[PDB]
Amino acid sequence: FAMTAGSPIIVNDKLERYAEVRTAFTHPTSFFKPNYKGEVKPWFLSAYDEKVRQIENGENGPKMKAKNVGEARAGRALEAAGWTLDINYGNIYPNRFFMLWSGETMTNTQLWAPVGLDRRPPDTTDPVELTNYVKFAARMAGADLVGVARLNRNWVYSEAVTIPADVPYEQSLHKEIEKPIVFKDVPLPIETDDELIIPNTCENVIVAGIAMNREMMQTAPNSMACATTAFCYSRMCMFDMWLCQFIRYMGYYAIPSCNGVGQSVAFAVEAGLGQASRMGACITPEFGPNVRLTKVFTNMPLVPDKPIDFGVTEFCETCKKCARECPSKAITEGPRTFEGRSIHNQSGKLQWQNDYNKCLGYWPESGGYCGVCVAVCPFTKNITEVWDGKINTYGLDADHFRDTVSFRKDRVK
């Protein structure tokens, strides 16, 4: 489908769109992991067993002794709660639950129907004004970072993981299917029984960074690192809906995504949020790798942001600290290559190729989402002290929040 003009990502002729089912989370060869008694479950139920084992043993992480059982119970209570606004870890099913590709059935849209903002032709078509408007709205909607790229279809999954439109939530995990994402000359995003169809007019992607909390993430791989993670996933989801509603009420269409539809790191790099790293995350100037990503696709005319260079590639060439502290040795200590390390990597793009089945393998063992690489990364800079220590709204840091102040001069040039 061809690269966007000016993409920083180096690719070759082997590049092919990547089927979502191949992530270590969903793929048949990775999805099953031993629990701490040797039974092979879905990886996240094995992880559930370790989470309960730790609570019964007064631990906050793998052999990390908590103050008492009550503190161990509290960290997992806070992490479970964090996921409140997220379906089945990642909101990946397109046009289901919170990820509707059309706003028409939404309660919010129905309440506002007499105004008809979603039916009224745009009053603004100038991309400069629109970029400013949508970025203001993106920050209201909880983004700490927001960039705009031209949509590069190489990062959009060839097929999505989803459930059929008639499967209730309580059977969803047992009925996940694959479904192609195709681009057609259609007026609006539409889903048929056969296809998820993105219009050919869907020209831009808006990428949002959702800042995690450094104190909690520095506890990786233990429970409070899980908590700052889970809370950001619900913020991503609020963001996607807020922003998608705004764009529709401006007279355009918007596709939400969270962890679905496409690969966030590639979009974020192309939208100027940061650079790809050895660990594989987007490293951002404001938060390093310790930030979540979500994205919204739209036909709204916009000004694309310039990709940014602050030396991450060269730094990662000489650093290797995530690789050394990775508990599963998933992160390569070697050069970037074009050839994926296993099924889980998309071949054809120059990157540090890491073994993500080894990464996922450490989650049931540790009972968490690890994140040790993010915590030890130099761009990112006990559990009782966290609970008793500094906190602020949404886990944002006052001592840092000045850096994400935005004036129109920072939103559009």
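When you see a residue number, it is the position in the sequence shown, counting from 1.
Chemist: Might you work out how many residues are unmodelled in the deposited sequence between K63 and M64, and answer none, 1 to 3, 4 to 9, or 10 or more?
Modeler: Count of unmodelled residues in between: none.
Chemist: Averaging only over Cα atoms, indicate whether 389-397 or 13-21 has the higher B-factor in the PDB entry.
Modeler: Mean CA B-factor is higher for 13-21.
Chemist: Using the B-factors recorded in the PDB entry, average over the C-alpha atoms of 348-356 and of 30-38, then report which stretch comes out higher.
Modeler: Averaging CA B-factors over each stretch, the winner is 30-38.
Chemist: Between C244, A281, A141, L173, which one tops the list for Cα B-factor in this entry?
Modeler: Max CA B-factor in the entry, restricted to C244, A281, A141, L173: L173.
Chemist: For the listed residues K135, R235, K320, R150, which one has the largest C-alpha B-factor as given in the deposited model?
Modeler: If I rank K135, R235, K320, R150 by C-alpha B-factor, first place goes to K320.
Chemist: Among the modelled residues of this chain, does the Cα B factor of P301 put it in the lowest, middle or highest third?
Modeler: Middle third - that is where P301 ends up once the chain's C-alpha B-factors are sorted.
Chemist: State the tercile, meaning the lowest, middle or highest third, of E286 with respect to the CA B-factors recorded for its chain.
Modeler: For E286, the deposited C-alpha B-factor lands in the lowest third.
Chemist: Can you tell me which third, lowest, middle or highest, the CA B-factor of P364 falls into for its chain?
Modeler: Highest third.
Chemist: Split the chain's modelled residues into thirds by Cα B-factor; is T84 in the lowest, middle or highest one?
Modeler: Ranked within chain, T84 CA B lands in the middle tercile.
Chemist: Compared with the other modelled residues in the chain, in which third is the CA B-factor of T294?
Modeler: Its C-alpha B-factor, which the entry lists for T294, ranks in the lowest third among residues of this chain.
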